[PDB]
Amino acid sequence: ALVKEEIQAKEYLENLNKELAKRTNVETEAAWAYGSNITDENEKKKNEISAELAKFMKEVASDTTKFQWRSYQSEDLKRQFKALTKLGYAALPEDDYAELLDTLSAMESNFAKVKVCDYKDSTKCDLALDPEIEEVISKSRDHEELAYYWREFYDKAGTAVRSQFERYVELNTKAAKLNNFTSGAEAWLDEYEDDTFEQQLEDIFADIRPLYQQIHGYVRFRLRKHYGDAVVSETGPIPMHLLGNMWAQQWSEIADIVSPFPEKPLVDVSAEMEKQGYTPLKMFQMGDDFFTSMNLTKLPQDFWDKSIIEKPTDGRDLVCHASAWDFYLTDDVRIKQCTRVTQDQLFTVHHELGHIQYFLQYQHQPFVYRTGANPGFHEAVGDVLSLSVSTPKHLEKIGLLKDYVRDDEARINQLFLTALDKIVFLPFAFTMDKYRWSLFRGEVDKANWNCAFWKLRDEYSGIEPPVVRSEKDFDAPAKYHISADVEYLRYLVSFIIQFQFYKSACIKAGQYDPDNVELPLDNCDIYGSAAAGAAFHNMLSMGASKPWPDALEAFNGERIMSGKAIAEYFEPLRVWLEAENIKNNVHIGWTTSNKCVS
């Protein structure tokens, strides 16, 4: 009978979770070794261990049918069993799974191994994205130089893997259908446990979209004054190579030429960091300090012993794209980052340490619950601290910002700078998954795959390639997450919910009061706040033990994902910018791009 079985089921789950953690540890070590050191041998090792774990998962999913788990009284036991039924790629036949792994490593290794020739020196051909190409994209204001590096990178990181990407789409679809999802889009969306999640995001995006259009319009206007009308048109999409980022996902690198008040201070602490002799180690130690200051968990010795926080100086190939790793034991957590001493990198350090903190907070949970409440929660943690670190308030405390006067104009500059990262990113993030969803769902014919990408980038972000592209090119995989098969919606969710977390943490810290002019949201510093840390502890320690609205409720008593907080943060900017665009007769919106030939 069911009472006796449920008791047996509890014991079954307890043992199985511990077994799954141990088996996943082995897979994770092999994946770490490959990412840290790309070789044919490490690839083979990584993929063979994954195939072995996949085989075990199949047996697990099969064994769940021996339990009447849907009949059980315990919501907790039912939730754990449900988690185990979800095979993902491991549902594929043995041979198909092996082919998918080989396809995935082919794409990620291609991305990681991209090298281009110097614009001025065709003999020097060892320029990698990180740091060489990204340095040019972020710093150069020579539009032809920028266009050169754009084309070279997209051709090598994107177009080169079209056939592998096509096969990946086929196998991802096959896997999804074996799990009885319609496509990989539904498989990804399942992580958010909400059948209205897409509509919710459409509604939030629509509310914020008008603010994006104002920022876009103003940036385009300012770029015209810098580059001239031969390079930037008033009415067309912005040429994306001028936006300071390879994918135009964040525009903060061009703040010095588009800032509302160029005669007033604009926060850029990179120079001071270098002057004061900052190192990657110091940046991570400072991140550690921020977390512990909030009464959260200190980084364990394994982190310091085993992390890679600087680009290796030997000849080896590796994945330099920053990442945080859980090894599913106790206190074995690691970061791999090719750390540079810049302001932007200080934020990346805090982002990655947010992941690490989440790992530490939930490591006592059973294996199946050792992940984020939803993928967006995991991405949000570090960014909440980054919002605080980025404030003039905090940066003055740590001696990185000197002789700063926070008048009305300096505040607008700072808000605009933040928006160049936070608002600009929203349409970008949405398009990454809108694109892949449309491919997964079979909504775009193979003949139209590349122009379908640029169509979305045009429709949502109002940006376009610097040169004419066609279906002979394939540009999507030039973005890491697309080559590496990492779901992107997590970042759209994060950029919305991080402001919900930040607003609440700031209120708990006594750092934000909407009726107090001396306590504005955009200058809140949660450093040293045990009350803010307590909220994080309450939420993060849950892991995935409960549906995400329960995790949000543990933080601040709310159960709904909302664009209220992000709009509240930027409201003073919205008011000022709307007026400024009217004052300067700024054209808003854009004509359809001519840069992808069908």
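Numbering starts at 1 and follows the sequence shown.
**Student:** Return whichever of 236-244 and 444-452 has the greater mean Cα B factor according to the PDB record.
**Tutor:** Taking the mean C-alpha B-factor of 236-244 and of 444-452, the larger value falls to 444-452.
**Student:** I need to verify one thing: averaged over C-alpha atoms only, is the B-factor higher for 96-104 or for 431-439?
**Tutor:** Per the PDB record, 96-104.
**Student:** Can you tell me which of 464, 198, 403, 485 has the maximum CA B-factor listed in the PDB entry?
**Tutor:** That would be 403, according to the entry.
**Student:** Looking at 514, 354, 184, 210, which one carries the largest C-alpha B-factor according to the PDB entry?
**Tutor:** Each of 514, 354, 184, 210 was compared by C-alpha B-factor; the highest is 514.
**Student:** Per the entry's values, where does residue 588 land by CA temperature factor relative to the rest of its chain, in the lowest, middle or highest third?
**Tutor:** It falls in the bottom third of the chain.
**Student:** Would you mind ranking residue 275 by its C-alpha B-factor against the rest of the chain and naming the third, lowest, middle or highest?
**Tutor:** It belongs to the highest third of the chain when residues are ordered by C-alpha B-factor.
**Student:** Split the chain's modelled residues into thirds by Cα B-factor; is residue 544 in the lowest, middle or highest one?
**Tutor:** CA B-factor rank for residue 544: lowest third.
**Student:** Comparing against every modelled residue in the chain, figure out the third that the C-alpha B-factor of residue 393 lands in (lowest, middle or highest).
**Tutor:** Ranked within chain, residue 393 CA B lands in the middle tercile.
**Student:** Splitting the chain's C-alpha B-factors into thirds, which one does residue 565 fall into?
**Tutor:** For residue 565, whose C-alpha B-factor we compare with every modelled residue in the chain, the answer is the lowest third.
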